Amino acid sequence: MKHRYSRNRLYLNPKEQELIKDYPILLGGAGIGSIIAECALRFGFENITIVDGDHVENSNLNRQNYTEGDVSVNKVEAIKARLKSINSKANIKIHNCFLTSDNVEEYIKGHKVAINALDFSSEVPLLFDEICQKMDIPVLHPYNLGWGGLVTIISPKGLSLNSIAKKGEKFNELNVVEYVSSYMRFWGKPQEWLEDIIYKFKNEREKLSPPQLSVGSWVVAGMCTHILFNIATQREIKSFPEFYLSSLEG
């Protein structure tokens, strides 16, 4: 293995390090995804495509991979600068574009795995998954539950997130999180912290974006890197409606 991956030994053999080096990852969303990209790059995944159309905002600094100097810059330009300072020989391809129903299929082509970190206020979070399923591309959905990291993998031949959507209202991250907490309580392991923050968020007078913490960003980035390593080396993983939830109490 290379001197950069020296301490990866025993956990990974030389042939696995080689395999994940060129494994093409598609990253939709450079918010929580900017933390995921660094952890995955340092692990050894050197072929990452990042698509995001937002700019770096002040409020990102509590949980995303940007600096004071990055504010007002395209997230994709900023995270590529960061990633290429970690690994100059890395293959980091960025696109400062929003995903739409018209362009999303062309971006997906050519990748072996995808990470759906798209805001539900755009238009294509679920269509993205539908297209990936058609192409044998498993999809990681990472969520920042503040204290917890949540990941579920949409597998090509399995259920989609549609199963938790009601046909009359739009579907966002609050539906996934309400699904997860309800699942946990039903099966005898309630996450009262998660139920508490769901309750607090719903009863807010003003309508704001969900809160997120650096802890959940860092934990979910670790989970994704492990899941990516498992998919690339064809080790077993749980697919939706199953999920991975990781927190200080677990």
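Just count from 1 along the sequence shown to find any residue number.
In this entry, the higher average B-factor at the C-alpha atoms falls on 65 to 73, of the pair 65 to 73 and 218 to 226. Higher mean CA temperature factor, per the PDB entry, when comparing 236 to 244 with 12 to 20: 12 to 20. Highest CA B-factor among the listed residues (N144, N116, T152, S101): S101. Split the chain's modelled residues into thirds by C-alpha temperature factor. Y199 is in the highest one. Among the modelled residues of its chain, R42 has a C-alpha B-factor that falls in the lowest third according to the deposited record. For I108, the recorded CA B-factor ranks within the highest third of the chain. Only modelled residues enter the ranking. The entry lists a Cα temperature factor for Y179 that places it in the lowest third of the chain's modelled residues. Ranked against the other modelled residues of its chain, the C-alpha B-factor of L208 as given in the entry falls in the highest third.
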